[PDB]
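Here the Cβ positions follow ideal geometry from the backbone for every residue, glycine too, while neighbour counts run over all protein chains shown. FYI, it's all coordinate maths here, none of it is from the lab.
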Amino acid sequence: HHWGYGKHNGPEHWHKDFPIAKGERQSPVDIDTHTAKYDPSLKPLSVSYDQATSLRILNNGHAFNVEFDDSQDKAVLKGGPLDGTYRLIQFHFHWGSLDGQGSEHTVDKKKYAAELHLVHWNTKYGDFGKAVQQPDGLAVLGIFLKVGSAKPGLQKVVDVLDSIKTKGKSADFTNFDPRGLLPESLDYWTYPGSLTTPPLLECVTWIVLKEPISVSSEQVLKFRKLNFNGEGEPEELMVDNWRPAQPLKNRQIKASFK
Ligand SMILES: [Zn+2]
């Protein structure tokens, strides 16, 4: 049946419907810090989220998306390894059933409790749908979450989860500022890759931040309370919605720092 993260429709089976699964620029990967190349030609990232307009939060049955108004250049990313302006469309997370797993990307084989993805599309392509068809169509900023101290800026999100418990549900989610989810440092790793869910198109320039943010145990606990299923269907907790690391193949990971 359709794809998911269960035993019968999980990452190991995706290739059957999406052959690109075994492609050459598949994501996520393990970041080997000793093999990453410092590239001093990379510029510092430019994050302009002060005009961000969040609109809604939805449970799509695979994660929860907070969506933004992308009809104009309100929340954009530029600089780093990018050419042009990338507009924020939505953010979502990947997490685990236990605190020692959940991230998609790994650092020297280390798994984090969750991974945040801020999704941006290249404005030269006019819409998100056209951007996914290009090798430079998307820019995703990935941020790792580790369990420690609560992140104040994440509570507004945690609190609305009850209202979007099952697949298909949505809730108005206005005035959320994504600046509350960034670490102090903007040092990063970058490589060419793909979406981590079907259709797994190879259109992403990944921007993975070196510094994780901390969340509290009780914060991540609330994530694990969501459901994959739709209302009135038998309950399947939304946990472990992460794809394992894929072969790097012919790619170089560059670092913005030494
Ligand atoms: Zn993601």
(request) Just name the residue that is nearest to residue 31 (Cα to Cα) out of those in the range 106-122 that are without any contact (Cβ under 8 Å) to a residue 60 or more places away in the chain and away from the ligand (no atom under 11 Å from the Cβ). (result) 110
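Can you find, within the range 92-133, the residue that is nearest to residue 60 (Cα to Cα) among those that are hydrophobic (A, V, I, L, M, F, W, C) and in contact with a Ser or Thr (Cβ under 9 Å, 6 or more places away or on another chain)?
Restricting to residues being hydrophobic (A, V, I, L, M, F, W, C) and in contact with a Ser or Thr (Cβ under 9 Å, 6 or more places away or on another chain), the top hit is 95.
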(request) Among the candidates 190, 174, single out the residue that is in contact with a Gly (Cβ under 9 Å, 6 or more places away or on another chain) and either more than 16 Å from the ligand (Cβ to nearest atom) or acidic (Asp, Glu) (or both). (result) 190
(message) Just to check your reading of the model, which residue among 137, 142 is touching a strand residue (DSSP E or B) at 6+ places or on another chain (Cβ under 6 Å), in contact (Cβ under 8 Å) with a residue 40 or more places away in the chain and more than 14 Å from the ligand (Cβ to nearest atom)?
(response) 137
(request) Please tell me if residue 180 is farther than 30 Å from residue 235 by Cβ, within 16 Å of the ligand (Cβ to nearest atom) and of a type in the set (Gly, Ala, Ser). (result) no
(message) Taking the condition of being closer than 30 Å to residue 173 by Cα and part of a strand (DSSP E or B), how many residues in the range 1-60 meet it?
(response) 10
(message) Where the second residue is among the acidic types (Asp, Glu) and within 12 Å of the ligand (Cβ to nearest atom) and the first is closer than 20 Å to residue 191 by Cβ and touching a residue at least 24 places away in the same chain (Cβ under 8 Å) and lies in the range 78-105, which pairs have Cβ atoms under 6 Å and are six or more apart or on separate chains?
(response) 94/104; 94/115; 103/115; 104/115
(request) Working only within the range 69-81, note down all residues that are out of contact with any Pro (no Cβ under 8 Å at 6 or more places or on another chain) and crowded, with 21+ Cβ neighbours inside 10 Å. (result) 70, 76, 77
(message) Suppose the filter is in contact with a strand residue (DSSP E or B) (Cβ under 8 Å, 6 or more places away or on another chain) and more than 14 Å from the ligand (Cβ to nearest atom); does residue 130 pass it?
(response) no
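Have a look at 143, 164 and point out the one that is out of contact with any helix residue (DSSP H, G or I) (no Cβ under 8 Å at 6 or more places or on another chain) and buried (at least 21 other Cβ atoms within 10 Å of the Cβ).
That would be 164, the only listed residue that is out of contact with any helix residue (DSSP H, G or I) (no Cβ under 8 Å at 6 or more places or on another chain) and buried (at least 21 other Cβ atoms within 10 Å of the Cβ).
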